[PDB]
>>> print(open('upload19.pdb').read())   # PDB, C-alpha atoms (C1' of nucleotides) and all ligand atoms
ATOM      1  CA  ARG A 603      64.482 114.471  87.520
ATOM      2  CA  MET A 604      68.128 114.239  88.527
ATOM      3  CA  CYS A 605      69.329 113.907  84.949
ATOM      4  CA  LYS A 606      67.233 116.917  84.009
ATOM      5  CA  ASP A 607      68.892 118.618  86.983
ATOM      6  CA  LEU A 608      72.310 117.799  85.606
ATOM      7  CA  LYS A 609      71.217 119.027  82.191
ATOM      8  CA  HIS A 610      70.263 122.334  83.786
ATOM      9  CA  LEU A 611      73.572 122.261  85.603
ATOM     10  CA  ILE A 612      75.614 121.564  82.502
ATOM     11  CA  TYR A 613      73.797 123.524  79.784
ATOM     12  CA  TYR A 614      73.800 126.754  81.757
ATOM     13  CA  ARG A 615      77.551 126.487  82.076
ATOM     14  CA  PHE A 616      77.888 125.160  78.533
ATOM     15  CA  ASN A 617      75.706 127.798  76.860
ATOM     16  CA  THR A 618      77.641 130.790  78.164
ATOM     17  CA  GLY A 619      79.949 132.989  76.132
ATOM     18  CA  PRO A 620      79.447 132.897  72.369
ATOM     19  CA  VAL A 621      77.614 129.583  72.717
ATOM     20  CA  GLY A 622      73.873 130.155  72.670
ATOM     21  CA  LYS A 623      70.894 127.868  73.026
ATOM     22  CA  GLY A 624      70.887 124.814  70.823
ATOM     23  CA  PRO A 625      71.206 121.033  70.587
ATOM     24  CA  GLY A 626      75.012 120.904  70.444
ATOM     25  CA  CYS A 627      75.967 120.275  74.065
ATOM     26  CA  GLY A 628      77.003 116.805  74.864
ATOM     27  CA  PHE A 629      78.706 116.345  78.218
ATOM     28  CA  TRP A 630      77.089 113.049  78.890
ATOM     29  CA  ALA A 631      79.072 111.712  81.838
ATOM     30  CA  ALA A 632      76.722 113.028  84.549
ATOM     31  CA  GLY A 633      73.522 111.423  83.273
ATOM     32  CA  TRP A 634      75.384 108.275  82.238
ATOM     33  CA  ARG A 635      76.654 108.040  85.811
ATOM     34  CA  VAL A 636      73.118 108.431  87.191
ATOM     35  CA  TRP A 637      71.698 105.680  85.019
ATOM     36  CA  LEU A 638      74.537 103.315  85.872
ATOM     37  CA  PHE A 639      73.950 103.905  89.555
ATOM     38  CA  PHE A 640      70.329 103.019  88.933
ATOM     39  CA  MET A 641      71.452  99.838  87.118
ATOM     40  CA  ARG A 642      73.546  98.968  90.189
ATOM     41  CA  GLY A 643      70.440  98.825  92.323
ATOM     42  CA  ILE A 644      68.041  97.076  89.984
ATOM     43  CA  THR A 645      70.530  94.498  88.708
ATOM     44  CA  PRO A 646      69.785  92.032  91.564
ATOM     45  CA  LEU A 647      66.047  92.757  91.391
ATOM     46  CA  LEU A 648      65.798  91.795  87.731
ATOM     47  CA  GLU A 649      68.238  88.951  88.406
ATOM     48  CA  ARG A 650      66.072  87.609  91.246
TER      49      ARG A 650
ATOM     50  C1'   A B   1     134.973 100.303 100.428
ATOM     51  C1'   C B   2     133.421  93.087  99.985
ATOM     52  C1'   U B   3     128.702  89.159 100.786
ATOM     53  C1'   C B   4     122.685  86.891 101.837
ATOM     54  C1'   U B   5     117.533  88.125 101.939
ATOM     55  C1'   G B   6     113.449  90.395  99.986
ATOM     56  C1'   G B   7     111.222  91.488  93.899
ATOM     57  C1'   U B   8     107.702  93.191  90.041
ATOM     58  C1'   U B   9     103.446  92.041  86.996
ATOM     59  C1'   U B  10      99.109  89.124  86.115
ATOM     60  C1'   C B  11      95.217  85.270  87.055
ATOM     61  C1'   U B  12      92.524  82.819  90.802
ATOM     62  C1'   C B  13      90.996  81.190  95.721
ATOM     63  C1'   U B  14      90.205  81.978 101.087
ATOM     64  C1'   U B  15      89.318  85.070 105.166
ATOM     65  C1'   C B  16      89.041  89.656 107.761
ATOM     66  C1'   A B  17      87.579  94.662 107.121
ATOM     67  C1'   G B  18      82.035 100.541 110.757
ATOM     68  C1'   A B  19      88.324 102.464 107.295
ATOM     69  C1'   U B  20      85.586 108.437 102.578
ATOM     70  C1'   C B  21      86.265  99.816 103.120
ATOM     71  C1'   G B  22      83.501 104.139  97.800
ATOM     72  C1'   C B  23      87.146 112.015  97.996
ATOM     73  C1'   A B  24      81.351 107.713  94.556
ATOM     74  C1'   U B  25      76.457 106.249  95.407
ATOM     75  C1'   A B  26      72.038 102.505  94.027
ATOM     76  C1'   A B  27      67.787  99.297  94.826
ATOM     77  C1'   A B  28      64.583  96.073  97.726
ATOM     78  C1'   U B  29      62.185  94.818 102.332
ATOM     79  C1'   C B  30      60.605  95.789 107.335
ATOM     80  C1'   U B  31      59.394  99.334 111.251
ATOM     81  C1'   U B  32      58.217 104.457 112.723
ATOM     82  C1'   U B  33      56.553 109.397 111.693
ATOM     83  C1'   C B  34      53.311 112.614 109.694
ATOM     84  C1'   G B  35      50.874 113.492 105.274
ATOM     85  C1'   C B  36      45.971 112.110 102.485
ATOM     86  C1'   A B  37      54.260 108.667  99.569
ATOM     87  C1'   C B  38      58.349 108.995  92.767
ATOM     88  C1'   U B  39      57.396 113.919  93.655
ATOM     89  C1'   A B  40      59.051 112.147 102.136
ATOM     90  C1'   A B  41      61.748 111.831 106.130
ATOM     91  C1'   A B  42      63.813 108.520 110.188
ATOM     92  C1'   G B  43      65.721 103.767 111.900
ATOM     93  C1'   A B  44      67.238  98.847 110.710
ATOM     94  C1'   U B  45      68.268  94.740 107.674
ATOM     95  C1'   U B  46      69.452  92.756 103.006
ATOM     96  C1'   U B  47      71.079  92.606  98.016
ATOM     97  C1'   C B  48      73.849  94.717  94.248
ATOM     98  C1'   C B  49      77.735  97.836  91.660
ATOM     99  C1'   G B  50      83.303  97.221  93.531
ATOM    100  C1'   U B  51      87.114  98.068  97.139
ATOM    101  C1'   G B  52      91.393  97.585 100.850
ATOM    102  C1'   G B  53      94.448  94.147 103.885
ATOM    103  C1'   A B  54      96.311  89.412 105.050
ATOM    104  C1'   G B  55      96.942  84.404 103.754
ATOM    105  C1'   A B  56      97.344  80.750  99.821
ATOM    106  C1'   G B  57      97.843  78.748  94.819
ATOM    107  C1'   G B  58      99.231  79.175  89.636
ATOM    108  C1'   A B  59     102.525  81.656  85.470
ATOM    109  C1'   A B  60     105.374  85.887  83.209
ATOM    110  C1'   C B  61     110.298  88.144  83.448
ATOM    111  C1'   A B  62     113.527  90.679  86.460
ATOM    112  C1'   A B  63     117.156  89.494  89.486
ATOM    113  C1'   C B  64     120.996  93.193  93.846
ATOM    114  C1'   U B  65     119.146 100.594  92.293
ATOM    115  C1'   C B  66     116.031 100.304  96.865
ATOM    116  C1'   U B  67     114.692  98.216 102.259
ATOM    117  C1'   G B  68     118.157  96.156 105.452
ATOM    118  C1'   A B  69     121.491  92.842 107.437
ATOM    119  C1'   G B  70     126.128  90.107 107.536
ATOM    120  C1'   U B  71     130.861  93.389 107.101
ATOM    121  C1'   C B  72     143.367 111.747 107.863
ATOM    122  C1'   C B  73     144.730 113.520 115.715
ATOM    123  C1'   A B  74     152.646 114.540 119.866
ATOM    124  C1'   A B  75     152.797 121.565 121.557
ATOM    125  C1'   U B  76     147.274 124.182 127.276
ATOM    126  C1'   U B  77     140.959 120.976 127.119
ATOM    127  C1'   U B  78     141.329 114.432 127.823
ATOM    128  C1'   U B  79     145.071 109.364 124.172
ATOM    129  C1'   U B  80     152.074 110.603 123.274
ATOM    130  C1'   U B  81     153.079 113.157 130.676
ATOM    131  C1'   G B  82     155.243 116.980 135.808
ATOM    132  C1'   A B  83     156.722 112.341 135.557
ATOM    133  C1'   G B  84     160.229 110.836 139.490
ATOM    134  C1'   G B  85     163.415 111.028 144.319
ATOM    135  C1'   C B  86     163.669 112.637 150.615
ATOM    136  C1'   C B  87     161.350 113.084 156.096
ATOM    137  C1'   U B  88     157.477 111.593 160.572
ATOM    138  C1'   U B  89     153.782 108.536 162.751
ATOM    139  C1'   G B  90     149.507 104.348 162.940
ATOM    140  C1'   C B  91     150.133  99.400 161.766
ATOM    141  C1'   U B  92     154.064  96.355 159.519
ATOM    142  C1'   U B  93     150.541  91.167 155.579
ATOM    143  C1'   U B  94     158.868  93.836 157.736
ATOM    144  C1'   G B  95     156.674  93.779 150.994
ATOM    145  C1'   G B  96     155.369  98.117 152.604
ATOM    146  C1'   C B  97     150.215 100.925 152.960
ATOM    147  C1'   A B  98     147.504 105.722 154.706
ATOM    148  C1'   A B  99     147.958 111.080 155.859
ATOM    149  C1'   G B 100     150.971 115.364 155.854
ATOM    150  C1'   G B 101     155.560 117.983 154.970
ATOM    151  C1'   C B 102     158.761 118.292 151.177
ATOM    152  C1'   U B 103     162.670 118.395 146.577
ATOM    153  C1'   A B 104     162.551 118.687 141.564
TER     154        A B 104
HETATM  155  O1  LIG C   1      64.583 122.477  80.985
HETATM  156  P1  LIG C   1      63.652 121.568  80.232
HETATM  157  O2  LIG C   1      62.236 121.752  80.711
HETATM  158  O3  LIG C   1      64.086 120.133  80.389
HETATM  159  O4  LIG C   1      63.705 121.973  78.682
HETATM  160  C1  LIG C   1      64.958 122.229  78.073
HETATM  161  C2  LIG C   1      65.118 123.729  77.922
HETATM  162  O5  LIG C   1      64.032 124.253  77.169
HETATM  163  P2  LIG C   1      63.096 125.386  77.824
HETATM  164  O6  LIG C   1      63.943 126.572  78.188
HETATM  165  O7  LIG C   1      62.068 125.824  76.820
HETATM  166  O8  LIG C   1      62.437 124.817  79.054
HETATM  167  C3  LIG C   1      66.451 124.076  77.266
HETATM  168  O9  LIG C   1      66.470 125.469  76.989
HETATM  169  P3  LIG C   1      67.277 126.435  77.979
HETATM  170  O10 LIG C   1      67.281 125.818  79.350
HETATM  171  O11 LIG C   1      68.682 126.590  77.464
HETATM  172  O12 LIG C   1      66.599 127.776  78.027
HETATM  173  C4  LIG C   1      66.748 123.279  75.996
HETATM  174  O13 LIG C   1      68.129 123.436  75.705
HETATM  175  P4  LIG C   1      68.590 124.341  74.471
HETATM  176  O14 LIG C   1      67.517 125.367  74.224
HETATM  177  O15 LIG C   1      69.896 125.009  74.806
HETATM  178  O16 LIG C   1      68.757 123.448  73.271
HETATM  179  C5  LIG C   1      66.454 121.792  76.172
HETATM  180  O17 LIG C   1      66.583 121.097  74.940
HETATM  181  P5  LIG C   1      67.530 119.806  74.855
HETATM  182  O18 LIG C   1      67.610 119.172  76.215
HETATM  183  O19 LIG C   1      66.946 118.830  73.874
HETATM  184  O20 LIG C   1      68.888 120.243  74.379
HETATM  185  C6  LIG C   1      65.054 121.567  76.709
HETATM  186  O21 LIG C   1      64.814 120.170  76.816
HETATM  187  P6  LIG C   1      63.605 119.498  76.004
HETATM  188  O22 LIG C   1      64.162 118.760  74.818
HETATM  189  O23 LIG C   1      62.876 118.549  76.915
HETATM  190  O24 LIG C   1      62.689 120.597  75.536
END
>>> encode(input="upload19.pdb", output="structure tokens")
Amino acid sequence: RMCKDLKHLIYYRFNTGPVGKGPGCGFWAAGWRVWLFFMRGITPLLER
RNA sequence: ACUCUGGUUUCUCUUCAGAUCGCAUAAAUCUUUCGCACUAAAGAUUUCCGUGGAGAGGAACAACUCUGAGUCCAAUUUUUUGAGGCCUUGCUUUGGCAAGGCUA
């Protein structure tokens, strides 16, 4: 849900101006952060 | 204005760290609370991601910038003079002292 949140955060700043709707936005650092912080927590679970 | 420290980088270990150890943020478990728990909150513990400090060990090139330490004044106002000489008493430790008056 959080990554979708960040998509809504990023796209609606990305798709302003002459940029319209479309699949061209990639500012991937926010979601990539979120999934790495998930990997931080489940690394010792899957390791155990 | 002459001389002796201390370096910096990197790899690793050990210990302390409730300090935004992290200008970022996970997960598990337990307990509590209400719902009726991914869509929910509290408290606590733990594990992870991965820090600062100190100590130690290796190995790479810099070695005295830095942090330190050991290492030109005679004219009013101070350090280039108002300084020296005479008289009375108390005692003379008979050398003279103390006070006052002087004279320059
Ligand atoms: O917000 P979501 O439910 O996750 O859906 C979004 C949304 O589509 P909808 O508006 O129809 O809901 C975006 O559109 P806008 O928010 O801009 O209006 C669209 O982005 P673009 O239209 O700008 O391309 C995006 O597509 P994507 O994330 O693939 O870029 C799409 O996500 P979905 O792929 O899940 O439909």
>>> residues_around(input="upload19.pdb", residues="region 7-16 of chain B", least_positions_apart="2", cutoff="8 Å", atoms="only C-alpha atoms (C1' of nucleotides)", output="PDB file with C-alpha atoms (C1' of nucleotides), keeping the file's coordinate frame")
ATOM      1  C1'   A B  54      96.311  89.412 105.050  1.00  0.00           C
ATOM      2  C1'   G B  55      96.942  84.404 103.754  1.00  0.00           C
ATOM      3  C1'   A B  56      97.344  80.750  99.821  1.00  0.00           C
ATOM      4  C1'   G B  57      97.843  78.748  94.819  1.00  0.00           C
ATOM      5  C1'   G B  58      99.231  79.175  89.636  1.00  0.00           C
ATOM      6  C1'   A B  60     105.374  85.887  83.209  1.00  0.00           C
ATOM      7  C1'   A B  62     113.527  90.679  86.460  1.00  0.00           C
ATOM      8  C1'   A B  63     117.156  89.494  89.486  1.00  0.00           C
TER       9        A B  63
END
>>> axis_aligned_box(input="upload19.pdb", around="ligand LIG 1 (chain C)", padding_each_side="5 Å", output="JSON")
{"center_x": 66.0, "center_y": 123.2, "center_z": 77.1, "size_x": 17.8, "size_y": 19.2, "size_z": 17.7}
>>> resolve_selection(input="upload19.pdb", expression="the PyMOL selection byres ((chain B) within 7 of (chain A))", output="PyMOL selection string")
chain B and resi 25-27+47-49
>>> residues_near_ligand(input="upload19.pdb", ligand="ligand LIG 1 (chain C)", cutoff="6 Å", atoms="only C-alpha atoms (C1' of nucleotides) and all ligand atoms", output="list in words")
residues 606, 623, 624 and 625 of chain A
>>> residues_near_point(input="upload19.pdb", point="(65.6, 100.7, 113.2)", cutoff="8 Å", atoms="only C-alpha atoms (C1' of nucleotides)", output="number ranges by chain")
B: 31, 43-44
>>> residues_around(input="upload19.pdb", residues="residue 52 (chain B)", least_positions_apart="5", cutoff="10 Å", atoms="all atoms listed in the file", output="PDB file with C-alpha atoms (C1' of nucleotides), keeping the file's coordinate frame")
ATOM      1  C1'   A B  17      87.579  94.662 107.121  1.00  0.00           C
ATOM      2  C1'   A B  19      88.324 102.464 107.295  1.00  0.00           C
ATOM      3  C1'   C B  21      86.265  99.816 103.120  1.00  0.00           C
TER       4        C B  21
END
>>> residues_around(input="upload19.pdb", residues="residue 630 (chain A)", least_positions_apart="4", cutoff="10 Å", atoms="all atoms listed in the file", output="PyMOL selection string")
chain A and resi 605+608-609+612+634-635
>>> atom_distance(input="upload19.pdb", atom1="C1' of residue 100 (chain B)", atom2="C1' of residue 85 (chain B)")
17.5 Å
>>> atom_distance(input="upload19.pdb", atom1="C1' of residue 69 (chain B)", atom2="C1' of residue 5 (chain B)")
8.3 Å
>>> resolve_selection(input="upload19.pdb", expression="the PyMOL selection byres (((chain B and resi 71) around 9) and not hetatm)", output="list in words")
residues 2, 3 and 70 of chain B
>>> atom_distance(input="upload19.pdb", atom1="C1' of residue 4 (chain B)", atom2="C1' of residue 66 (chain B)")
15.8 Å
>>> residues_around(input="upload19.pdb", residues="residue 616 (chain A)", least_positions_apart="5", cutoff="10 Å", atoms="only C-alpha atoms (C1' of nucleotides)", output="PyMOL selection string")
chain A and resi 609-611+621-623+626-629
>>> residues_around(input="upload19.pdb", residues="residue 33 (chain B)", least_positions_apart="3", cutoff="12 Å", atoms="all atoms listed in the file", output="PDB file with C-alpha atoms (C1' of nucleotides), in the frame of the given file")
ATOM      1  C1'   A B  40      59.051 112.147 102.136  1.00  0.00           C
ATOM      2  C1'   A B  41      61.748 111.831 106.130  1.00  0.00           C
ATOM      3  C1'   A B  42      63.813 108.520 110.188  1.00  0.00           C
ATOM      4  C1'   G B  43      65.721 103.767 111.900  1.00  0.00           C
TER       5        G B  43
END
